[PDB]
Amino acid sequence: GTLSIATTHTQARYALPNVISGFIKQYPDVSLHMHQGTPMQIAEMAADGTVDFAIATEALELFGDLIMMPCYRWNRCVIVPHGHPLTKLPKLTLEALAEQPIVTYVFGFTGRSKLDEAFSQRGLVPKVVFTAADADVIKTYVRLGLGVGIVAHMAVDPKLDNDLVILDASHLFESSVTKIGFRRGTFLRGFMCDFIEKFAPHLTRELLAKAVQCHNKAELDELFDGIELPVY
């Protein structure tokens, strides 16, 4: 058969490679197709049946035709070059961060709204000098010295990114949730359910068989609010 996934840079690059490896090893003869686009593009491709699944933090919520299901919870990091002034602070504050030029996601990408919320509630105006679409660009301009990076935690690793200093910022921002969606009325074949469960182990077949019944977002929220999510 065929498995078709539309997703974003964040997931394609940091969340999916090991599950895609595993899927391909387990299902050598399923025709895999993947596509990367903006959250609106990929969400609408899943919503109208162009592909099986959309995976992203953003836009999925806006399409009522989607059975959307939470996969994991995450929060942000601040990344700066070695010896940068923010590395000298005992603890990071929103006020210290707001005094720096910021390199972070464009509006509407990868939980950016939570950052704006945190700044506005304290009456702070971030000086955002680079609005980027992905964390690879963010990291190259942090490296060259353009300013302070604010990225999703799964986009940075203390060993892989040793040339940068990672400061945890999850106490300054509300966390975000990465979700998976498929069009309501889709028949979930076995290998599809195994992919979903590889990506999000709590989405067992027992739970899937309840999720396909949810007629609208209220019923999904009733099904999932009780459930604990992995944190990355």
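Throughout, we count residues from 1 along the sequence that is shown.
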- Task: Between 202-210 and 24-32, point out the one with the higher average CA B-factor as the PDB entry records it.
- Result: 202-210
- Quick note on 141-149 and 114-122: per-entry mean CA temperature factor is higher in 114-122
- Options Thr186, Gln41, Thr178, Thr50 - largest CA temperature factor per the record: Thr186
- Item | Identity of residue with top Cα B-factor, from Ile79, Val103, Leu89, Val106 | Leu89
- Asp163: which third of its chain by C-alpha temperature factor? middle
- Query: Lowest, middle or highest third: where is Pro70 by C-alpha B factor in its chain?
  - Reply: middle
- Note on the structure: Split the chain's modelled residues into thirds by Cα B-factor; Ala56 lands in the lowest
- What third of the chain, by the recorded C-alpha B-factor, contains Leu172? highest
